[PDB]
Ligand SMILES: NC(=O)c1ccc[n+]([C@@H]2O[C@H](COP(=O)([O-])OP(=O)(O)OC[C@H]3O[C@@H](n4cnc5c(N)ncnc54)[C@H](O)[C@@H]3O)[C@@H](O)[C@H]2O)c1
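In structure tokens, the next block holds one chain alone, the form deposited without this ligand.
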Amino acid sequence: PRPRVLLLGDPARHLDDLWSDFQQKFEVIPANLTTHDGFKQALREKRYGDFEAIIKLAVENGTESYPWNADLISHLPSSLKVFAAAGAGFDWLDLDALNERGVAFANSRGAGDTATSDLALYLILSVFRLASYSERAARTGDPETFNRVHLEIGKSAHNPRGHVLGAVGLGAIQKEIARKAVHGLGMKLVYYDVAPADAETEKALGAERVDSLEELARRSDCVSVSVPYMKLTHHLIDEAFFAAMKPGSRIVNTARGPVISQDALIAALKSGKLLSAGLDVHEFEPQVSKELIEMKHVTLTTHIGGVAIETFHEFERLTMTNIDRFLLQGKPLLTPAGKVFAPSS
């Protein structure tokens, strides 16, 4: 009577006790993936029998099955109720097609809130203090270069304290960035978002809401980009946004690469409109801009925002806990994405 769960890719690596418990409550079936076409044929032939859930324990696990298109989804068994996956993004998945077949989806939203906010704070520190340029000077091992750059940095460096952070988006990650920047570093906060923060959150952060991106640009010393990536957010930060910013201002991005136009950013740095910028995410990722690399004051990292052991622990906790709640406890998912359906026990 144990419900049956298809495992896409490797078993758990972080949470050993929880994974042992999961394998007693549920019959776990390894997919043994080879290719996308091979997986479609295994489904058509009912190789795995009727199953009620699918689990995917890491971002890099089960990529042999990609893409999850409408064609593949049409061969899933009629018994299927829920699919839970590691990560925030799901580009490999046609979610509308999955929901049309009556299947509930959960991502692992919230798992990397601490990691991604800390990394944004690192970038904010870097662009105010010009620390990226300082590191490259130190790494020459040349004494005169050390002294020259020590002096040069003092002409342009500032403390965050007392300066205005402009939040593009005020979701959970940005709420942590703001708490750390306001109470920790002593910055002031303005924000732009489709829905207002509640009176309590606004009071706790001293957050003032503005009505347009232009108003946000006009008031910021440093802009923090943290929004979901969709068609509506492609090149959200464009030539017109940079034109509205203050001379000698700064920008950071931990969201998705194309949210900021790479060419508009380069032009704003070349003209002196921006003093500095920090990108963890890149328009043509994994190709970093050679033009940005060759400049003095652009901080560049390898999409490490959520890359911390604690995030990966929480990916395993959330995926197992979602399926346990939904099929055994009669309780709703913690982190649904797309359409919501009724639980069972």
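Just count from 1 along the sequence shown to find any residue number.
What comes next is about the form deposited with this ligand bound, which does not appear here.
Chemist: Applying a 4.5 Å heavy atom distance criterion, does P258 contact this ligand in the deposited complex?
Modeler: Taking the distances in the deposited complex, the answer for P258 is no, it never comes within 4.5 Å of this ligand.
Chemist: Can you work out whether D193 and this ligand are in contact in the deposited complex, taking contact to mean some heavy atom pair no more than 4.5 Å apart?
Modeler: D193: yes, in contact with this ligand in the deposited complex.
Chemist: Does this ligand get within 4.5 angstroms of any non-hydrogen atom of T233 in the deposited complex?
Modeler: Residue-level check for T233: yes, a contact with this ligand.
Chemist: In the deposited complex, does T254 have a heavy atom within 4.5 Å of this ligand?
Modeler: Yes.
Chemist: Choose one stretch from 238-246, 136-144, 221-229, 270-278: the one whose residues place a heavy atom within 4.5 angstroms of this ligand in the deposited complex.
Modeler: Stretch 221-229 is the one.
Chemist: Within 4.5 Å of this ligand in the deposited complex, heavy atoms considered, which of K40, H313, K296, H303?
Modeler: Only one option qualifies, and that one is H303.
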